[PDB]
Each structure stands twice: as C-alpha cells, then as structure tokens.
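Following: one structure in structure tokens, then a few remarks.
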2 protein chains.
Amino acid sequence: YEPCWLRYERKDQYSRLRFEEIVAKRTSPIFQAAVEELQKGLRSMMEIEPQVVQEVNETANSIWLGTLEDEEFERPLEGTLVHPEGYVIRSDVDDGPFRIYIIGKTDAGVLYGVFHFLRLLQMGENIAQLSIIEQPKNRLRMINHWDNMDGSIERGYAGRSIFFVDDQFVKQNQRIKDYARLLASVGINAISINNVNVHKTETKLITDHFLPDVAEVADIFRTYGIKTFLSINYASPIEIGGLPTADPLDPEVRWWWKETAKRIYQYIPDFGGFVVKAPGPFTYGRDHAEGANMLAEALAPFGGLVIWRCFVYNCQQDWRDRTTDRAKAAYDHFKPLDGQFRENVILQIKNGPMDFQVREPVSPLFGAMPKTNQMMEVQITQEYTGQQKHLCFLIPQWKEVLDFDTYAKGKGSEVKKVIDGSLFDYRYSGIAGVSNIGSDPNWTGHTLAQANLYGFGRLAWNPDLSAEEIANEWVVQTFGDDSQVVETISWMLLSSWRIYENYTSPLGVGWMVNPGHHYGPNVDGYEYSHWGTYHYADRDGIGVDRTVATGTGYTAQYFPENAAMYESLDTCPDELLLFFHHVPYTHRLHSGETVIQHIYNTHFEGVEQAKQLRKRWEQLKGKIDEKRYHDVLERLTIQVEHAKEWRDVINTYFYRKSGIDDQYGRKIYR
Amino acid sequence: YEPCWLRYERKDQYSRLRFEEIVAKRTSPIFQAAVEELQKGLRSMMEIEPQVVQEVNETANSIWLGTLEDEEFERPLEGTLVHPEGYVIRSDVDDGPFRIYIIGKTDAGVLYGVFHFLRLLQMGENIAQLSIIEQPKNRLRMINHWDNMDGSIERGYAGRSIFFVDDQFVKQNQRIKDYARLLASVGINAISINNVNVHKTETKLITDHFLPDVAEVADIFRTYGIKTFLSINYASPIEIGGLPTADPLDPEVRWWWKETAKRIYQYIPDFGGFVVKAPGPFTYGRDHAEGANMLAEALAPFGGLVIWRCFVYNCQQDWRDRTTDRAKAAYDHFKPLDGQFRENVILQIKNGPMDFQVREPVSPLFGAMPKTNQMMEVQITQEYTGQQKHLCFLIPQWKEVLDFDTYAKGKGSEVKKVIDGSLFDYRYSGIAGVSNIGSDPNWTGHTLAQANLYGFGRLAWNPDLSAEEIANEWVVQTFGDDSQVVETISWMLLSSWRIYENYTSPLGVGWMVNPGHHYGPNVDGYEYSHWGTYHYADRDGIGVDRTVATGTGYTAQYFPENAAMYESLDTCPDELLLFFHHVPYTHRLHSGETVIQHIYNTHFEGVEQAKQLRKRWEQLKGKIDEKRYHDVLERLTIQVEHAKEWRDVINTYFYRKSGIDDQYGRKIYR
C-alpha cells in the first residue's frame, strides 16, 4: 500500500539538515513512536541516522523531545501551553550547535509536534529560526469506521475492511500501525473500529470472546495517542446477555451494562467508550436522555464516554403529508432534552439535518443546546458525493459548515465554536468523520481522496486553516513541489465539489440519486418513498416549502438572523433555495437565472468542467509516477462519462416536466 | 404443509362408491404410484380399502388399470388413442358388477387417468356411465425452478427451496414426493430443478459430486412420469472443466460436453436434457444456433433435449436513443436463424417480448419460425404481478396469449397451435412455467396462488379449457362445494388480474415498479436506466412509438393482420395502446376516456375492487377453516393497503406531470 502523505521523499544535496542526535527525555510508548517516526523521516528524507540519547550533548546538533517537566529551563512560549495535546517547536537562539526543541504539554503533544516538524521538512520550510506553538481546538478529533466483521464496509468505496475478515480480526497488524501513523500525523485522537449498525457478530465485540483482539488493536492505537471506541448494539442485554428486555430503566439491564463496562476496562484501561446508534429506548417508551444516561452511568466510574448519534427520524414518513418534515426531526427530538443528559454523553449530529447530501443547510441543533455536549459528524466516504469515482475534495464544504454563524449568542457564534466547546463551555466535544479507507493499495479508492482524510484531520485540529493551505500541504507532501503540479492538483481539489454539485441535485434540494446504492442520477428515485426526501417537482415548479408562513416551519429552528434569511424568498441564498422554498421554474435567482435555466446551465457546464479536470491532469504526465498518474486518469475518465449521464438524465427529466427548452439550444434528449 | 387441491375430503354417506378390488395389470414404478394414489384417494374420500390384484374377478366391483396391451378386448374408443400419455376412462355397460376401466396408451397415461378419475370423485361427478378420452395437446408441460443451492429462490415469494439448503440437497424427500404428486395430478411431465442463472455451486450439478443426489431426485420424479432437467452454466468447460475457453466451436469444448452428457446418463438414463440461459457463445463471436447445436450434439446420442431460452437483449441500452427497441430484440436475433437449429433444440420464448409484465403483447417470435421447435415460458411466480401479496389468477392472461391468432398460416394460427406443434409439425414443443412454490406450509405464499400452479398444468394439458372451469375445479377440490364458496372464490380468481392491472401500469406500457425487488409503485423507477423499459411520459403525453410510420417499427414483426391493427392509432386496442403509440394525455380511447382520465379511473376504481375482494372473502367466514381463512384475509388486507399506495403514487405522478385533474374530483395528493 501507499504511504499517502507520509512519503518522506529523499531531498537533493542542497535541502538537507545536519543532526547528530535525537534527545528523548522519556521512554513511554508514545515517545518511542515519536522517536521512530523522526528516525524514519530523517533517514528517508535527509539520509542521516542521528543517535537516540536521553541527555543533551551541548556540542552536538540535536532535536530535543520532552514535556515541560523535562525542561532544564522553561521558556515563556511553552509556558503558555494549557491544552494537554499542545506543543511548542523552537530553534535555539544560541550561536553554537543547532538545536530544535519539541516541547509538548504531554507525551501526545510531543508526538504531534514531531509530525509537525516532519511536515515542515516535507514541505521544504526553512527551520533555522522556528518559533511555533500549536494547541488543537477540538478535544475529540475522531474517525468512525463502518466496517463489518465479514470484511465488508457499509458505504465503503475503497476496498474491504483492514480490521476484519471472516468474522475475525486480521492476523497481520502492520497495516493497522501504518494507519495509526497516518491518523496521528493529522492529529486524530479517537477511533471507533466497527459499523454503527452493529450486526450479530459485531455485537460480541464487547464480550470476552473478542476483547483480547480489540485490546491488541487498542494497544497499537494507544502508542499513537489514539483512544479506541466500540459501536454497540443497544439490544445486547437480550442478544448476548440472556435478559428479557433492553429497557434502560430495567434494573437488571442497568447492571448488565455496568458489568460489561467493567469487563471491557479490565482489557482496555483507557477505553474511550461507546458510539451508539439507537430493540431501543423508544421500544420501551423511554427518551434519548434516559437511554444515553444509562450507558453513561455504566462508563462513568471508568471515565468512558457515550457518543449518542442524533440521526433519528421517522423512516416511515408519508410523502402525501407536506406538513411533516424530516429536516425538523433531529431538532424536535433533542432540543427539548437539553440539560437532561449526563456530563459524559456527547450528542453526535451530522453537518446537515438530512443525510450527507452534496449540499445541506447546517443542522439547527448546533447552537440550540447550551447544556448538552455536541460534536459534529461529517462523512469522508463519498456516499452521495461521487463514491470516490468522481473527485470531491470535501474540505471547502466542511469549512462552510464550521464557519456558519448560528448567532446563538449573537454574532460570532460559528458552528466551530459550538463543537470546540468554547461557546458553551462543553466538557467533551469535537468532530467525527466517517472513514473513507479500505484495503485498496491507495487506501481511499481514488488516489486524490487521500486529501479528504488528511484534510479532515487538519480541520479537526484547527478549523481556521484555509482550504487552500490544506490542499497545498497535501499536494506537496504527496506529489512534490513542482509549481505546475502543485497549482494544478490544488485547483482540481478546490474546484471539485462545486463541479460535482453542478451536475447533480440543484439548489440544495438534494437527492435525485438511485435508491439503494445511492450512486448515479434518478430524479424520482426516492420521490414517492417513505424516507421523507422529496423535491416535489411538477410541471410548474419545484422545491420544499420549509417556511413558517406557508410551509413546514423548519426555518424557525434557526436563530432569528438566519431564520429570516431563509424565510424570505428574496433573501434566501440561491444555493439552498429549493431546500427552503417551492418555486416556479421561471423564478429568477440572484444570479439572474430562472430556476429551470440554472438547472440546465450547471449540468451542461459541470460536464465541461469535469472534462477540464481530466485535461489538466493529463498535462501533468511525466511529472507524476506512471502508476498514480494512470490510477487517477482512469477515475477522471470514469467521472467524465458518468457526469454526462447525470447531465442528460437531469436535463431530460426537467425538460419533460417543465417543457422549457435550454436557453442556448444545447443538446437535451427528448 | 397443505395437500393443496388433493384434499380427498371425506364424503357424506350419500356420495360414496362400492368397490372391492383395484386390478393393476402392471407392476412398474408408475403403476405403483397410480395404485397408491387410488388407494389414498378412495380411503380418504370413500372410506374403502379395495384389495389390489392383478387379474379381474368377474363378480367384484373393480377399477381396472392397464395399457392397451393388457386389455382382453380392445374397444373402439381406446383404439383411437395415439398420444403416449393419452388414456380412456369408461364404465362397463354390462348389467352385472360395476367396473371402471382406466386405459392408458402407456403407463404415464394410466397415471394421468387415475388422477382424472380422482378429480371426478373430488368434484362429486356421477361416474355411473363414464366415456372419457383425453390426450395432452402439448408434448412438453414443464416447470422451471429458479431455486439456488443456498436455499434462496430467485424471485421466490413462497419461502425457501424445497430442494436445497446449505449448498446441499435436502435429506428429507417426502415433500419432493408430494410435490411430484401435485405436478403429476395436473399433467406436468418435466422439471428443471435449479435456477436458470447458474452460480458457482450449481454449476457442479453436472459433476460426480452432485449427480448421485440429482439421480435420487430424478428417481422420485420418474415414478410420477416426470422427466428431470438441469439448467447449465455455458462456461462449465472453464469453471469446472479446466479448459481455456467455452467457445462452442473449440474441439475440446465440444468433446467436454459430450463426455459430460455421457456421465450424466450413466446416473440418469432418461435425463431430459439442459435448460440454457446464455462466457457465452457471443463471447466468441458465435450465434445461438452454433451455441445451442453444440450442446444438442452432446445430448443427441442419449435422446436429450436442449431448451434454449430466447430471453436475450442488450442489457446496456441507451434511453436517449428512441430508434432502438428492446421489444424487437428477441425476434431480430432468432428469426434469421430459423432452420439452423438441430432437431432436439427447442427455443423457449416468454409470452411477451419484454419481461413478464402484467400485460404485454404476444412475442412476435411465435409463428415466425416454421422450421424451429418453440415452447412458451410463462411466469407462475408473481414477480411483476403482486408477488403473492396481491391476488392474481394468471390463467385468463395465459389464455389470451394462447388464443392470440398469429395468422402465420392465415386465420386459425393461434399461439397454442404453434407451441403444441400442430401448426408447423414441431417434433418437440410445449410450455414451461416458472415455479411459484417454496417451503411455506401453503406452498405458494398466498393460499389462492395454489390456483396458478394448478391452472398452469390444466392449460398445459389442454389450452382449450376455460378459465371458468379451471377455477371451478380448483375451488371445489380445495374449498368444497358450498355454492356460495365456489361462486365467491371463483369470482375473486377470475377478476383478480384485471383488478391488479387496474392500479398498476396503464394501457400495456408496463413497468412503473421499484427497481431491484420489482415490488410496488415507482413510475420512473427504470425510466432512465439502461434496461430499455421506458414509457416516455412527459407533460403532454405518454407511450412508446413502436409504429413503422414514425416509430421503432416493432409492429412489422407481426403478420399483416395484427401489424395493421397495432400500427393504426385508431384500431390499436386500448389495453395495449401505450405499448405501441406515444399519445397526448387528451387522446380519446375506444372506451371514450381520455388517456389521463383512464389512468385516474382504473387506479381509483382498482382499489375499490380490491376492497370488494376482501369483503367477499370475509363473507365466507365460517365456511372455510380458520387457518386458511385468516391466512388469505391477512394477504387481502395487505393487498388493499398496498393498492392504495399504487393508486396514489401513480395518480399523483400523472397529475404533477399532466396538470389535468380527476374528472370526478376524487382525492389526488398534490
């Protein structure tokens, strides 16, 4: 498999460093991982093999690794560190030997500092006078795996599970170690290794039969500062506990979970906790607080956390009833429960109120629960964004969500401030991303999708990083510093999401995908289903009326500033118009386009743009190794051909329904 | 499991017969099966146990079983028998002991005669003066199973396979024997036990590893006059033969199949042959004649037959191209090959040119290949006709197909005359039906679906039987002779197909089903797919233009009389209008309804009719055992609720597209 962004490509003779020793003040597993990474990077890039020592040699050029407590003289900069995972990197200002100090608040801080130092070297930065201080914004920077133990991965487009096979754990762990290195390099500090939809075999991950293996995996992740979590089956008491119910208020059920927690911590002392998708609490007339709190109480004595997913809605909605709105479900179910959740419970909410569509407005829940920890869930695997066949760099979208001002406490109440816990002083909060990896040699199916995993980690560490700099870092580390290569791949990445949205669902209405696998155009795919995902297109217009005045009243879930913006047909942003209003095809957008012509325009032009992505990539031939050049070219060609299908299906569907021809007379099949 | 129509319900004291002996002139396995059936029927119904003897006792009331060669005095009636499976049943005209003679041309004839005699008793017919002669019209009266060896049944809605489980054959064969009795009772004389889509394990049914088991099953069917067939994987030479190709012209491939045939016949001397769905012949640039003839040559020395399915079409068609027509594919691919097929090859063609839709015009291939054996394939399992949740007695539809005059040789060239071989003097021909059975206790999922299997056999024996008499026979044997019960269930059966069509796809255009499982409404489900199943509905009209004048030219595949009827917008029957013409919603049908109002009418009224089916059944409570009463009631309620979904989805889709309201102001959801 590929090293992804940790290539540590050999430098030319004019870009090397002179170091004789690495001073490791600690011998903990995390320090060993940090030292090993430093040795690997310096050897591959610099062709040097500094000796690892435990005390500084005042006359040797060295890289010093330690925590504040290991310092001889604690300087002001590192003295300002408050976050456990924070660190400082600074070059000694003396005129003698060259010394680089990597000072972490804790061991994990040293590890992240080493990765940062190595990132600087891969990017060819001048490290003669460094003065860096970094502290992560989000406490939880997590990855959710949807891997099944039979090897399949739900919504996995990059191969099979690297964790399981034949209802067992894989015997080889070398790839898990390399995966841990990739995650740690971008600051990811938490991971749930199994599908949130817990099946028969997976339910047993919390039993003695599989805990030894879970512990072996946790041991590897622990060395890289990563806490391990398990997704659980709420009905476990029944399925494997032999109890007659799973009711969270049943005494025996409560005790069963306490005993289960105790058992897990005997194998994994620093177990992170449970990720829960939920026989469930409502099966017994209990609410989410009662259901989550029961699990929270079981984990409390051990410091474990309960990550309760808010992806709850009536999966049996009637398309006939336009008064019911799936988009309102999450808020209506959890908002009223604010303040009733135990302190170690974190509500995990998707970026949008529906289901990871190419574009969805921000979930109203963010900013609405001052007394309840919250963390956002984003999807790295491209379920509705191309399935790694189409290129789609998700970082720009995630920044739009993170930078969305909820106005919960007036201007300056961005989503990022909600989930980083600063706005409401949340004890536990952060962000989680659904893994896009698999057994494929390139890990992500589409070589360029590696940028989404890298980018997720970067944003999790600091949401303020620009999409531009994240793309630049990833391209340089993965493909080198040739200015043409960097500018071209960066442009491809930065423009990809808009290009894909252009030829898929219009103006934020979402969906229009084939049911089941969710890949490809099918305008009415779920239009008459019971999933609550409708566009209501007819011969005169299209869109969901989510207004308070005449619609579902969904706009009222936002604070006044945003509620008013979406409520008004005139101020509602074009990009989300059809998610909030039902309008005639002739309605004029802010862009000046009628709604119907906008549909035609973006679909015809989106294909043209996809062809440009391919053309620009082809111009890089000779500057990229043949293997990756062809791997990506193959996918770009697949993208162009499928984009044509998206364009024609959508254009024809709307021509057949609206009867309005393309303004420019471009080809729409009858 | 249920005895279905072979209930042999105990008669009252005033409806019995007096018999002391059963004279069995032969001891062959088929004769033993016939005698055993007679003993079972007479004991259960009459409460008598006649002694089985081999010579007539001139003073005893007896039932005589034998072939012409066993007769002491061959009377004129039986003397006219020419078909091997034919028989005569006649009461002796003497004034002494009562004697019933069941005379068959061959042993199988005696078996079918015994079932006929027993059918007369179940129906309470007066047998004092019988004079019956029966000869089947179709040489092949076959059942195709789509069972997989893992237990699943493709498009199976009546439970799992009764033949396989865990990639093995079931150990218990008692149910197979009872199944054979059911099939033989209605004259079915051939069966293919495995799915036409042959997977990995199933490919091995033609190898020594599974042949012993196949032989055990064949032994059971043989006792009931049923020949056994296997569906084969055309690529077997590669998958299990170790050869580098499956090319029918490759010498080694040809020899491999010859050796395979030889091996099979060593286990099953009377093996029927292969059913083939086809790496295939076209994979090597060979045509269907070359591909089928190679297999035919392998089976020829043993008397085996090759049943070559004509379900061939470009499963990668472009919806954009309205010049290509999937409906024309079968005819265009096989018509030109007429006269190039070996004599033991039979082309199996579906009743329609598409894929078992509720209504399709007759496949043009019937009547178009004078020099090629043909047999029709019908689908008993209700894939697109309700999946045994909705009631749908298929006999009326099959009669419409069988009675369709192709005019191949002028008036009187009905499809039934094509497949019974009389029109073109086919050596081997007939009809095959895709099994609707499964492990469910009632065999068919829907108790009343038992009528479809029964009815298939009756029509296979004699296509001239009316739907009314077939329904009457089935109801009486299955539910008794209460006049209310008979009239009610017969009415339900006879009206079911039209009722289901009423709320599904309109005017013969077909489809409008959910993709994948094919159950339920989804007007645009496959509308933009590559399967060639389109209705082309837009804001102005709907339908496929299959005319020669302006369309695909599909009408030209029929002989002049029918081609002209469909070609003209004015003469084309309403029931198939949208299959042949693209028309405006305002187009006036022969019924006087505009096309759009017809859609609304049949969908609103179809639901009303479904409610009536349920109401009529409820009125029979107390006259049917509680178990079956509730089993059927449960399904009828499921039908009514789903019918409402079909009605509303289709009505709303067309209101949204046409903008034309229901003439009567009935409820159409916006």
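The way I read the labels, and the way they are meant: chains A, B, ... in the order of the structure tokens, residue 1 as the first residue of every chain, and ligand 1 as the first ligand shown, with later ones counted on from there.
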
Just want the 7 Å neighbourhood of stretch 41-58 of chain A, counted on only C-alpha atoms, with same-chain residues fewer than 4 positions away dropped. Output as a PyMOL selection string. chain A and resi 8-11+16-17+19-25+37+118

Residues of chain B within 10 Å of chain A, counting only C-alpha atoms - could you list those as a PyMOL selection string? chain B and resi 319-322+514-516+521-529+536-541+645+648-650+652-659+668-670

Atoms to include: N, CA, C and O atoms. Write the selected residues as a tab-separated table (two decimals), in the first residue's frame.
chain	number	residue	atom	x	y	z
B	319	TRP	N	-31.31	5.02	-23.09
B	319	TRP	CA	-32.65	5.59	-23.06
B	319	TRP	C	-32.78	6.78	-24.01
B	319	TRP	O	-33.89	7.15	-24.41
B	320	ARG	N	-31.65	7.39	-24.36
B	320	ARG	CA	-31.64	8.54	-25.25
B	320	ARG	C	-32.05	8.19	-26.68
B	320	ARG	O	-32.69	8.98	-27.37
B	321	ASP	N	-31.66	6.99	-27.11
B	321	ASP	CA	-31.94	6.53	-28.47
B	321	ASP	C	-33.31	5.88	-28.63
B	321	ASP	O	-33.51	4.73	-28.25
B	322	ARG	N	-34.26	6.62	-29.21
B	322	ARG	CA	-35.60	6.08	-29.39
B	322	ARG	C	-35.74	5.21	-30.64
B	322	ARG	O	-36.85	4.80	-30.99
B	514	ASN	N	-40.70	-0.48	-8.55
B	514	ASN	CA	-39.47	-0.15	-7.86
B	514	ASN	C	-38.36	-1.03	-8.45
B	514	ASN	O	-38.57	-2.22	-8.68
B	515	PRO	N	-37.19	-0.44	-8.73
B	515	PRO	CA	-36.11	-1.25	-9.29
B	515	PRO	C	-35.57	-2.24	-8.26
B	515	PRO	O	-35.75	-2.06	-7.06
B	516	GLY	N	-34.93	-3.30	-8.74
B	516	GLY	CA	-34.38	-4.29	-7.82
B	516	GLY	C	-35.37	-5.39	-7.48
B	516	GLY	O	-35.44	-6.40	-8.19
B	521	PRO	N	-45.10	0.63	-6.56
B	521	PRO	CA	-45.06	1.75	-7.50
B	521	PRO	C	-43.82	2.65	-7.47
B	521	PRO	O	-43.34	3.05	-6.40
B	522	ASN	N	-43.34	2.96	-8.66
B	522	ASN	CA	-42.19	3.84	-8.88
B	522	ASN	C	-42.25	4.09	-10.38
B	522	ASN	O	-41.59	3.41	-11.16
B	523	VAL	N	-43.07	5.07	-10.78
B	523	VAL	CA	-43.26	5.36	-12.19
B	523	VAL	C	-41.98	5.53	-13.00
B	523	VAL	O	-41.87	4.98	-14.10
B	524	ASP	N	-41.01	6.27	-12.47
B	524	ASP	CA	-39.74	6.48	-13.17
B	524	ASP	C	-38.64	5.52	-12.72
B	524	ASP	O	-37.47	5.73	-13.03
B	525	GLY	N	-39.02	4.47	-11.99
B	525	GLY	CA	-38.05	3.50	-11.49
B	525	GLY	C	-36.94	3.11	-12.45
B	525	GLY	O	-35.76	3.17	-12.10
B	526	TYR	N	-37.31	2.70	-13.66
B	526	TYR	CA	-36.34	2.30	-14.67
B	526	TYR	C	-36.39	3.22	-15.89
B	526	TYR	O	-35.80	2.91	-16.93
B	527	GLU	N	-37.07	4.35	-15.76
B	527	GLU	CA	-37.25	5.28	-16.88
B	527	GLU	C	-35.98	5.86	-17.50
B	527	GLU	O	-35.98	6.24	-18.67
B	528	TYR	N	-34.90	5.92	-16.72
B	528	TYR	CA	-33.64	6.43	-17.25
B	528	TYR	C	-32.53	5.40	-17.10
B	528	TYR	O	-31.35	5.73	-17.09
B	529	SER	N	-32.93	4.13	-16.99
B	529	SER	CA	-31.96	3.05	-16.85
B	529	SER	C	-31.52	2.56	-18.22
B	529	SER	O	-31.97	3.07	-19.25
B	536	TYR	N	-41.70	7.00	-21.57
B	536	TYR	CA	-41.54	8.33	-22.15
B	536	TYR	C	-42.59	9.36	-21.75
B	536	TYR	O	-42.91	10.26	-22.53
B	537	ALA	N	-43.11	9.25	-20.54
B	537	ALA	CA	-44.11	10.20	-20.10
B	537	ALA	C	-43.51	11.60	-19.93
B	537	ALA	O	-42.42	11.75	-19.37
B	538	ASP	N	-44.20	12.61	-20.45
B	538	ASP	CA	-43.77	13.99	-20.27
B	538	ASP	C	-45.01	14.82	-19.95
B	538	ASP	O	-46.08	14.26	-19.73
B	539	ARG	N	-44.88	16.14	-19.91
B	539	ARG	CA	-46.02	16.97	-19.54
B	539	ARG	C	-47.18	16.97	-20.53
B	539	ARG	O	-48.27	17.43	-20.19
B	540	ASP	N	-46.96	16.44	-21.74
B	540	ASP	CA	-48.01	16.42	-22.76
B	540	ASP	C	-48.61	15.06	-23.07
B	540	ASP	O	-49.79	14.96	-23.42
B	541	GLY	N	-47.81	14.00	-22.96
B	541	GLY	CA	-48.31	12.68	-23.28
B	541	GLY	C	-47.46	11.53	-22.77
B	541	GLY	O	-46.55	11.72	-21.96
B	645	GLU	N	-51.42	2.60	-2.16
B	645	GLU	CA	-50.13	3.21	-2.46
B	645	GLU	C	-49.96	3.27	-3.98
B	645	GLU	O	-49.56	4.30	-4.53
B	648	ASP	N	-52.37	6.10	-5.33
B	648	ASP	CA	-51.93	7.46	-5.06
B	648	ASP	C	-50.62	7.86	-5.72
B	648	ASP	O	-50.49	8.98	-6.20
B	649	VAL	N	-49.64	6.95	-5.75
B	649	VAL	CA	-48.36	7.28	-6.37
B	649	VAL	C	-48.54	7.54	-7.87
B	649	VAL	O	-48.06	8.54	-8.40
B	650	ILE	N	-49.25	6.64	-8.55
B	650	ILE	CA	-49.47	6.81	-9.97
B	650	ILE	C	-50.33	8.03	-10.27
B	650	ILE	O	-50.00	8.82	-11.15
B	652	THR	N	-50.78	10.76	-8.45
B	652	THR	CA	-50.02	11.98	-8.17
B	652	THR	C	-48.94	12.23	-9.21
B	652	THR	O	-48.74	13.37	-9.65
B	653	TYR	N	-48.24	11.18	-9.63
B	653	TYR	CA	-47.20	11.35	-10.63
B	653	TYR	C	-47.79	11.96	-11.90
B	653	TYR	O	-47.22	12.89	-12.48
B	654	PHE	N	-48.92	11.43	-12.33
B	654	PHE	CA	-49.52	11.93	-13.55
B	654	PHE	C	-50.24	13.26	-13.42
B	654	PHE	O	-50.37	13.99	-14.39
B	655	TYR	N	-50.69	13.59	-12.21
B	655	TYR	CA	-51.31	14.89	-12.02
B	655	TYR	C	-50.17	15.91	-12.06
B	655	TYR	O	-50.26	16.96	-12.71
B	656	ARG	N	-49.08	15.60	-11.35
B	656	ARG	CA	-47.94	16.51	-11.32
B	656	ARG	C	-47.37	16.75	-12.70
B	656	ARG	O	-46.90	17.85	-12.99
B	657	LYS	N	-47.44	15.75	-13.56
B	657	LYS	CA	-46.90	15.89	-14.90
B	657	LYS	C	-47.89	16.44	-15.93
B	657	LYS	O	-47.54	17.32	-16.72
B	658	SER	N	-49.13	15.96	-15.91
B	658	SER	CA	-50.13	16.41	-16.88
B	658	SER	C	-50.84	17.70	-16.47
B	658	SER	O	-51.26	18.48	-17.33
B	659	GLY	N	-50.99	17.91	-15.17
B	659	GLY	CA	-51.68	19.10	-14.69
B	659	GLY	C	-53.19	19.00	-14.88
B	659	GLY	O	-53.92	19.97	-14.66
B	668	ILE	N	-56.55	13.25	-5.09
B	668	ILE	CA	-55.21	13.07	-5.65
B	668	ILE	C	-54.32	13.97	-4.81
B	668	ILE	O	-54.54	15.18	-4.74
B	669	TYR	N	-53.33	13.39	-4.15
B	669	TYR	CA	-52.43	14.18	-3.32
B	669	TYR	C	-51.50	15.02	-4.20
B	669	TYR	O	-50.87	14.51	-5.12
B	670	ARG	N	-51.45	16.32	-3.89
B	670	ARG	CA	-50.63	17.29	-4.62
B	670	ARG	C	-49.19	16.86	-4.85
B	670	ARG	O	-48.67	17.11	-5.96

So that I can check the surroundings of residue B:169, please list as an MDAnalysis selection string every protein, DNA and RNA residue that reaches within 10 Å of it, counting only C-alpha atoms and ignoring chain neighbours fewer than 2 positions away. chainID B and resid 149:151 161:167 171:173 210 213:214 216:217

Could you write out the selected residues, including N, CA and C atoms, as a CSV table (one decimal), in the first residue's frame?
chain,number,residue,atom,x,y,z
B,149,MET,N,-28.9,-23.3,-4.7
B,149,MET,CA,-28.5,-24.3,-3.7
B,149,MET,C,-28.2,-23.8,-2.3
B,150,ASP,N,-28.2,-22.5,-2.1
B,150,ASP,CA,-28.0,-21.9,-0.8
B,150,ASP,C,-29.4,-21.8,-0.1
B,151,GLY,N,-30.4,-22.3,-0.8
B,151,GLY,CA,-31.8,-22.2,-0.2
B,151,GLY,C,-32.6,-21.1,-0.8
B,161,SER,N,-36.1,-22.8,-0.9
B,161,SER,CA,-36.1,-24.0,-1.7
B,161,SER,C,-36.5,-25.3,-1.0
B,162,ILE,N,-37.3,-26.1,-1.6
B,162,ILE,CA,-37.7,-27.4,-1.0
B,162,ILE,C,-36.7,-28.5,-1.5
B,163,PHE,N,-35.8,-28.1,-2.4
B,163,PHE,CA,-34.7,-29.0,-2.9
B,163,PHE,C,-33.4,-28.8,-2.3
B,164,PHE,N,-32.9,-27.6,-2.0
B,164,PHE,CA,-31.6,-27.4,-1.5
B,164,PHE,C,-31.5,-26.5,-0.2
B,165,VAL,N,-30.4,-26.7,0.5
B,165,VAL,CA,-30.1,-26.0,1.7
B,165,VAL,C,-28.6,-26.1,2.0
B,166,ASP,N,-28.0,-25.1,2.5
B,166,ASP,CA,-26.6,-25.1,2.8
B,166,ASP,C,-25.7,-25.7,1.6
B,167,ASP,N,-26.0,-25.3,0.4
B,167,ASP,CA,-25.3,-25.8,-0.8
B,167,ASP,C,-25.3,-27.3,-0.9
B,171,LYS,N,-32.1,-33.6,3.0
B,171,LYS,CA,-32.1,-35.0,3.3
B,171,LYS,C,-33.4,-35.7,3.2
B,172,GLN,N,-34.5,-35.0,3.6
B,172,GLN,CA,-35.8,-35.5,3.6
B,172,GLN,C,-36.4,-35.3,2.2
B,173,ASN,N,-37.0,-36.4,1.6
B,173,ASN,CA,-37.5,-36.4,0.3
B,173,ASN,C,-39.0,-36.5,0.2
B,210,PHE,N,-22.3,-34.1,-7.3
B,210,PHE,CA,-23.8,-34.0,-7.0
B,210,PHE,C,-24.7,-34.9,-7.8
B,213,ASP,N,-27.1,-37.3,-6.0
B,213,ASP,CA,-28.3,-36.6,-5.4
B,213,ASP,C,-29.3,-36.2,-6.5
B,214,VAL,N,-28.8,-35.7,-7.6
B,214,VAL,CA,-29.7,-35.4,-8.7
B,214,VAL,C,-30.4,-36.6,-9.1
B,216,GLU,N,-31.2,-39.2,-7.3
B,216,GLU,CA,-32.2,-39.6,-6.3
B,216,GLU,C,-33.5,-38.8,-6.5
B,217,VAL,N,-33.3,-37.5,-6.8
B,217,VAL,CA,-34.5,-36.7,-7.1
B,217,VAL,C,-35.2,-37.1,-8.4

Can you tell me which residues surround stretch 598-605 of chain A at a distance of at most 6 Å, considering only C-alpha atoms, apart from same-chain residues fewer than 2 positions away, and format the answer as a PyMOL selection string? chain A and resi 502-503+593+595-596+607-608+647+651

Limited to N, CA and C atoms, could you put the picked residues into a file as a PDB file, in the first residue's frame?
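Saved as selection-v4.pdb:
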ATOM      1  N   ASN A 502     -22.600  20.828  -9.416  1.00  0.00           N
ATOM      2  CA  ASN A 502     -23.149  21.384 -10.643  1.00  0.00           C
ATOM      3  C   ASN A 502     -23.949  20.387 -11.473  1.00  0.00           C
ATOM      4  N   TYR A 503     -23.469  19.154 -11.601  1.00  0.00           N
ATOM      5  CA  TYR A 503     -24.233  18.206 -12.394  1.00  0.00           C
ATOM      6  C   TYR A 503     -25.079  17.212 -11.604  1.00  0.00           C
ATOM      7  N   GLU A 593     -30.518  33.933 -13.289  1.00  0.00           N
ATOM      8  CA  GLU A 593     -31.017  32.752 -13.997  1.00  0.00           C
ATOM      9  C   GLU A 593     -32.388  32.356 -13.478  1.00  0.00           C
ATOM     10  N   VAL A 595     -34.912  29.428 -12.385  1.00  0.00           N
ATOM     11  CA  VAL A 595     -34.554  28.168 -11.738  1.00  0.00           C
ATOM     12  C   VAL A 595     -34.304  27.063 -12.768  1.00  0.00           C
ATOM     13  N   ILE A 596     -35.172  26.962 -13.767  1.00  0.00           N
ATOM     14  CA  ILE A 596     -35.001  25.923 -14.774  1.00  0.00           C
ATOM     15  C   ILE A 596     -33.729  26.119 -15.604  1.00  0.00           C
ATOM     16  N   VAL A 607     -20.272  19.248 -16.779  1.00  0.00           N
ATOM     17  CA  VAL A 607     -19.592  18.219 -17.558  1.00  0.00           C
ATOM     18  C   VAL A 607     -18.348  18.816 -18.213  1.00  0.00           C
ATOM     19  N   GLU A 608     -18.482  20.037 -18.718  1.00  0.00           N
ATOM     20  CA  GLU A 608     -17.369  20.732 -19.352  1.00  0.00           C
ATOM     21  C   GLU A 608     -16.244  20.890 -18.338  1.00  0.00           C
ATOM     22  N   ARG A 647     -25.842  14.755 -16.292  1.00  0.00           N
ATOM     23  CA  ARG A 647     -26.300  15.910 -17.056  1.00  0.00           C
ATOM     24  C   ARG A 647     -27.540  15.613 -17.892  1.00  0.00           C
ATOM     25  N   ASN A 651     -31.322  16.920 -17.125  1.00  0.00           N
ATOM     26  CA  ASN A 651     -31.841  17.864 -18.113  1.00  0.00           C
ATOM     27  C   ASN A 651     -33.105  17.335 -18.784  1.00  0.00           C
TER      28      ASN A 651
END

Pick out each residue of stretch 142-326 of chain B that DSSP on the backbone tags as alpha helix (DSSP H); I need them as number ranges by chain. B: 174-185, 211-223, 236-239, 251-267, 288-299, 326

Please list as number ranges by chain every residue within 12 Å of residue A:431, counting only C-alpha atoms and excluding residues in the same chain fewer than 6 positions away. A: 136-144, 187-191, 307, 346-351, 373-379, 398, 401-402, 415-421, 456-463

Can you tell me, as a VMD selection string, what residues are no more than 10 Å from residue A:372 when counting only C-alpha atoms, ignoring any on the same chain fewer than 6 positions away? chain A and resid 334 to 335 337 to 347 424 to 429

Please list as a PyMOL selection string every residue within 10 Å of stretch 542-544 of chain A, counting only C-alpha atoms and excluding residues in the same chain fewer than 4 positions away. chain A and resi 322+325+506-509+533-538+551-552+576-585+595-596+654+658
